[PDB]
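Quick notes on the structure that follows.
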Amino acid sequence: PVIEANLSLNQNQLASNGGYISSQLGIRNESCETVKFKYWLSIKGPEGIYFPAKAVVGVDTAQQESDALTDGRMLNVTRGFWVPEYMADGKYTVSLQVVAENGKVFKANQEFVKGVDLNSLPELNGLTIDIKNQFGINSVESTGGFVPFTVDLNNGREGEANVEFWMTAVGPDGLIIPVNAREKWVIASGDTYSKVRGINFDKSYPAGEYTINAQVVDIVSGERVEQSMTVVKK
Amino acid sequence: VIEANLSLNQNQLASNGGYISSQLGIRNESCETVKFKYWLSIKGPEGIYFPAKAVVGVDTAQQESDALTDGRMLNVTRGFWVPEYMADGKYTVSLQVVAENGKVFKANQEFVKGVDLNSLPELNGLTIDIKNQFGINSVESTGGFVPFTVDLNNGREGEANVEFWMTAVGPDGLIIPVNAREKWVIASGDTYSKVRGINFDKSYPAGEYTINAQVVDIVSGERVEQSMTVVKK
């Protein structure tokens with residue numbers, strides 16, 4: 001019982017004043033028997049924003065209904081959503097999510113930005129943050145694995161920058177795993193805090209999805225900025 | 001297998017932040033000797049997640065394993081700073097133990113910063129009251145229904161314009177709609193009051209679901225959150 005899910009956005013790039021985004025959802029039953037499943041469209045944004053794409057004028061009373069697909073058949077839906085002005089500027093993730101009757105989870109994600117450039121590194125006002133999965137390693141075995149991350153904090157400002165920086169891995173069973181302890185830094189003008197920092201996914205760590213999350217706070221302004229990568233333990 | 005506790009010397013920090021000293025207890029209740037890894041992590045508002053542990057230099061350490069004799073208990077004092085620049089609001093401290101066999105054990109305490117302990121989140125007179133109606137903290141693998149009471153009380157002298165929604169953030173990257181995005185004009189002294197439940201379908205994966213409600217003031221742009229945790233066995 002395998003489902004194939006895709007998602008595409010008619011646009012990636014919203015200005016600060018927000019806007020409308022029209023999406024195209026594709027759900028294909030690649031299996032031989034007929035398949036029942038639930039699906040929905042959800043948005044995840046900065047500052048712990050999580051919201052459903054779906055909006056209603058009245059009182060939301062609906063429960064999550066099941067759907068179905070004929071053998072080899074595909075569902076095709078257009079779905080649009082507003083992203084209002086009052087929502088935080090930053091990087092957003094739209095997620096088509098399918099839960100099949102058998103427990104298997106399938107997803108398709110697209111990103112968009114609001115009030116910043118699609119290509120751009122997160123920044124604290126000249127101080128740019130560059131965190132990357134160094135070797136494109138997107139999973140580790142049940143028996144364990146090591147994934148290294150490159151960390152580059154570049155002070156583009158004309159003055160010194162005072163920052164606190166840390167990393168966690170948010171994962172199953174409510175786990176928040178320290179990846180990098182809280183570090184305080186004075187970074188001089190034009191200078192760079194640059195290093196490699198890895199996480200060892202111990203054999204004993206539970207199977208599932210780990211969200212590798214890095215944060216940087218400007219100690220003076222109080223602006224906080226994030227970057228995230230996903231690693232799955234099989 | 002493992003018994004974990006956590007207590008805080010302080011629950012209540014002012015806006016200018018402060019220091020919190022914690023006491024970690026880890027007890028091996030098992031008959032054989034047990035190996036495990038453990039750590040201390042903080043979760044706050046606005047998607048804040050940070051490790052309790054801080055270093056002045058370059059963090060270079062790896063997550064070391066520990067061990068406990070049969071019936072033996074580990075006892076550690078561990079403190080952490082919560083600086084002024086961190087967001088005001090409700091925080092969760094979490095002692096987390098991962099045993100060599102895969103079993104996860106936790107002990108959580110809450111604290112607040114710049115607001116009263118157990119106070120209702122508010123958007124400036126507009127108070128938000130979301131509660132697990134019947135104290136149901138888990139559902140069986142075969143499924144279950146958990147209802148939530150929702151009370152949005154406009155204490156202001158003028159009308160309040162809000163947008164409101166709910167999700168359940170859970171395993172395998174799932175963000176499950178619990179309440180669609182609703183726009184509301186709430187008159188002075190009035191209440192948006194209702195019950196809203198989530199059906200944890202048999203098919204939903206085992207694990208930890210974070211029931212999350214958010215309210216935005218459309219005029220000010222202030223956003224406020226309330227969260228409750230439900231585990232599917």
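All residue names refer to the structure tokens as shown: chains lettered A, B, ... in order, residues numbered from 1 in each chain, ligands numbered from 1 in order.
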
Enumerate as a PyMOL selection string all residues of chain B assigned to strand (DSSP E or B) by DSSP on the backbone, naming them with the chain letters and numbers the document uses. chain B and resi 2-8+12-13+17-28+34-43+49-51+54-55+66-68+73-83+89-99+104-113+122-123+126-132+138-140+143-154+160-169+175-186+191-200+207-217+223-232

Do you know which residues are at most 12 Å from region 5-11 of chain A counting only C-alpha atoms, after dropping those on the same chain fewer than 5 positions away, and could you put them as a ChimeraX atom specification? /A:19-30,37,39-42,74-81,83,93-100,105-114,118

Output C-alpha atoms of each residue in that selection to a file, as a PDB file, in the first residue's frame.
```pdb
ATOM      1  CA  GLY A  19      -0.348  37.484  -0.125  1.00  0.00           C
ATOM      2  CA  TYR A  20      -2.231  34.598  -1.723  1.00  0.00           C
ATOM      3  CA  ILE A  21      -0.635  31.310  -2.700  1.00  0.00           C
ATOM      4  CA  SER A  22      -2.332  28.783  -4.932  1.00  0.00           C
ATOM      5  CA  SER A  23      -1.131  25.213  -4.586  1.00  0.00           C
ATOM      6  CA  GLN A  24      -1.577  22.018  -6.603  1.00  0.00           C
ATOM      7  CA  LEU A  25      -1.919  18.768  -4.652  1.00  0.00           C
ATOM      8  CA  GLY A  26      -1.347  15.419  -6.284  1.00  0.00           C
ATOM      9  CA  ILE A  27      -2.105  12.123  -4.555  1.00  0.00           C
ATOM     10  CA  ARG A  28      -1.506   8.925  -6.518  1.00  0.00           C
ATOM     11  CA  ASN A  29      -2.398   5.368  -5.519  1.00  0.00           C
ATOM     12  CA  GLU A  30       0.570   3.348  -6.850  1.00  0.00           C
ATOM     13  CA  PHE A  37      -6.362   7.556   3.491  1.00  0.00           C
ATOM     14  CA  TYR A  39      -4.882  13.965   4.014  1.00  0.00           C
ATOM     15  CA  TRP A  40      -4.468  17.686   4.738  1.00  0.00           C
ATOM     16  CA  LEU A  41      -2.429  20.779   4.017  1.00  0.00           C
ATOM     17  CA  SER A  42      -0.438  22.465   6.759  1.00  0.00           C
ATOM     18  CA  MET A  74      -4.621   9.708  -8.773  1.00  0.00           C
ATOM     19  CA  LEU A  75      -6.320  12.526  -6.850  1.00  0.00           C
ATOM     20  CA  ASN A  76      -5.768  16.060  -8.166  1.00  0.00           C
ATOM     21  CA  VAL A  77      -6.745  19.111  -6.134  1.00  0.00           C
ATOM     22  CA  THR A  78      -6.168  22.821  -6.373  1.00  0.00           C
ATOM     23  CA  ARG A  79      -5.939  24.411  -2.929  1.00  0.00           C
ATOM     24  CA  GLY A  80      -5.175  28.001  -2.165  1.00  0.00           C
ATOM     25  CA  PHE A  81      -4.475  29.842   1.037  1.00  0.00           C
ATOM     26  CA  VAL A  83      -0.783  34.284   4.230  1.00  0.00           C
ATOM     27  CA  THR A  93       7.244  25.342   4.847  1.00  0.00           C
ATOM     28  CA  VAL A  94       4.009  24.153   3.210  1.00  0.00           C
ATOM     29  CA  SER A  95       3.388  20.467   3.748  1.00  0.00           C
ATOM     30  CA  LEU A  96       1.003  18.141   1.960  1.00  0.00           C
ATOM     31  CA  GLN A  97       0.544  15.251   4.355  1.00  0.00           C
ATOM     32  CA  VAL A  98      -1.119  11.902   3.738  1.00  0.00           C
ATOM     33  CA  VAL A  99      -1.864   9.304   6.417  1.00  0.00           C
ATOM     34  CA  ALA A 100      -2.882   5.986   4.863  1.00  0.00           C
ATOM     35  CA  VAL A 105       2.879   8.551   6.334  1.00  0.00           C
ATOM     36  CA  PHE A 106       3.621  10.267   3.031  1.00  0.00           C
ATOM     37  CA  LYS A 107       4.516  13.921   2.528  1.00  0.00           C
ATOM     38  CA  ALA A 108       5.401  16.547  -0.037  1.00  0.00           C
ATOM     39  CA  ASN A 109       6.884  19.886   1.001  1.00  0.00           C
ATOM     40  CA  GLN A 110       7.418  23.231  -0.638  1.00  0.00           C
ATOM     41  CA  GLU A 111       8.982  26.320   0.806  1.00  0.00           C
ATOM     42  CA  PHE A 112       8.093  29.932   0.423  1.00  0.00           C
ATOM     43  CA  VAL A 113       9.341  33.140   1.958  1.00  0.00           C
ATOM     44  CA  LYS A 114       7.695  36.260   3.295  1.00  0.00           C
ATOM     45  CA  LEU A 118      14.044  33.160  -1.444  1.00  0.00           C
TER      46      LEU A 118
END
```

Which residues come within 6 Å of residue 232 (chain B), counting only C-alpha atoms, excluding same-chain residues fewer than 4 positions away, as a ChimeraX atom specification? /B:138-139,206-207

Store the residues of this selection in a file with N, CA, C and O atoms, as an mmCIF file, in the first residue's frame.
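Output below, filename out.cif:
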```cif
data_model
loop_
_atom_site.group_PDB
_atom_site.id
_atom_site.type_symbol
_atom_site.label_atom_id
_atom_site.label_comp_id
_atom_site.auth_asym_id
_atom_site.auth_seq_id
_atom_site.Cartn_x
_atom_site.Cartn_y
_atom_site.Cartn_z
ATOM 1 N N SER B 138 -3.514 10.572 27.416
ATOM 2 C CA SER B 138 -3.149 9.608 26.385
ATOM 3 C C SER B 138 -4.360 8.879 25.805
ATOM 4 O O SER B 138 -5.459 8.873 26.374
ATOM 5 N N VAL B 139 -4.133 8.302 24.633
ATOM 6 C CA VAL B 139 -5.114 7.439 23.988
ATOM 7 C C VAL B 139 -4.446 6.134 23.560
ATOM 8 O O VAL B 139 -3.250 6.117 23.260
ATOM 9 N N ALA B 206 1.929 6.052 16.590
ATOM 10 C CA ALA B 206 2.263 6.092 18.002
ATOM 11 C C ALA B 206 3.266 7.199 18.264
ATOM 12 O O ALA B 206 4.132 7.501 17.427
ATOM 13 N N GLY B 207 3.126 7.816 19.422
ATOM 14 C CA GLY B 207 4.035 8.880 19.815
ATOM 15 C C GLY B 207 3.397 10.078 20.483
ATOM 16 O O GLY B 207 2.274 10.020 20.982
#
```

Test item: residues at most 12 Å from residue 42 (chain B), only C-alpha atoms, excluding those fewer than 2 positions along its chain, as a PyMOL selection string: (chain A and resi 166-168+170+174-178+181-182) or (chain B and resi 20+39-40+44-45+47-54+79-82+86+90-96+107-112)

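The coordinates place CA of residue 117 (chain B) at 14.5 Å from CA of residue 17 (chain B).
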
Residues near residue 72 (chain B), cut-off 9 Å, only C-alpha atoms, skip fewer than 4 positions along chain, as a ChimeraX atom specification: /B:26-29,33,68

May I have the residues within 8 Å of residue 230 (chain B) as a ChimeraX atom specification, using only C-alpha atoms and disregarding those fewer than 5 positions away in the same chain? /B:136-139,208-211

Give the residues of chain A that lie within 8 Å of chain B; count only C-alpha atoms, and format the answer as a ChimeraX atom specification. /A:40,42,46-61,63-64,86-87,97,99-103,105,166-168,172-178,180-184,197,199-200,203-206,208-209,219-220,222

So that I can check the surroundings of residue 188 (chain B), please list as a short mmCIF file (atom, residue, chain, number, x, y, z; two decimals) with N, CA, C and O atoms, in the first residue's frame every protein, DNA and RNA residue that reaches within 10 Å of it, counting only C-alpha atoms and ignoring chain neighbours fewer than 5 positions away.
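To be explicit, this is the file written out as around.cif:
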```cif
data_model
loop_
_atom_site.label_atom_id
_atom_site.label_comp_id
_atom_site.auth_asym_id
_atom_site.auth_seq_id
_atom_site.Cartn_x
_atom_site.Cartn_y
_atom_site.Cartn_z
N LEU B 126 -7.45 40.72 26.24
CA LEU B 126 -8.07 39.54 25.63
C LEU B 126 -7.38 38.27 26.12
O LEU B 126 -6.27 37.94 25.71
N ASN B 153 -11.79 35.28 26.09
CA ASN B 153 -12.51 36.33 26.80
C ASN B 153 -11.94 37.74 26.60
O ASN B 153 -10.82 38.05 27.00
N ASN B 154 -12.74 38.58 25.96
CA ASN B 154 -12.37 39.98 25.71
C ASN B 154 -12.59 40.90 26.93
O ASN B 154 -13.66 41.47 27.10
N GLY B 155 -11.54 41.05 27.74
CA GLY B 155 -11.55 41.92 28.92
C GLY B 155 -11.40 43.42 28.62
O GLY B 155 -11.52 44.26 29.51
N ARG B 156 -11.11 43.73 27.37
CA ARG B 156 -10.87 45.11 26.93
C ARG B 156 -12.14 45.95 26.96
O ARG B 156 -13.25 45.43 27.02
N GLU B 157 -11.95 47.26 26.88
CA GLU B 157 -13.06 48.21 26.83
C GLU B 157 -13.59 48.36 25.40
O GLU B 157 -14.71 48.82 25.18
N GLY B 158 -12.78 47.95 24.43
CA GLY B 158 -13.18 47.96 23.01
C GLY B 158 -13.23 46.58 22.37
O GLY B 158 -12.80 45.59 22.97
N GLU B 159 -13.78 46.50 21.15
CA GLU B 159 -13.85 45.24 20.42
C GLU B 159 -12.45 44.74 20.04
O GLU B 159 -11.51 45.52 19.85
N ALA B 160 -12.33 43.42 19.96
CA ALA B 160 -11.07 42.75 19.61
C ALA B 160 -11.24 41.96 18.33
O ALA B 160 -12.19 41.21 18.17
#
```

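CA of residue 78 (chain B) sits 5.2 Å away from CA of residue 22 (chain B).
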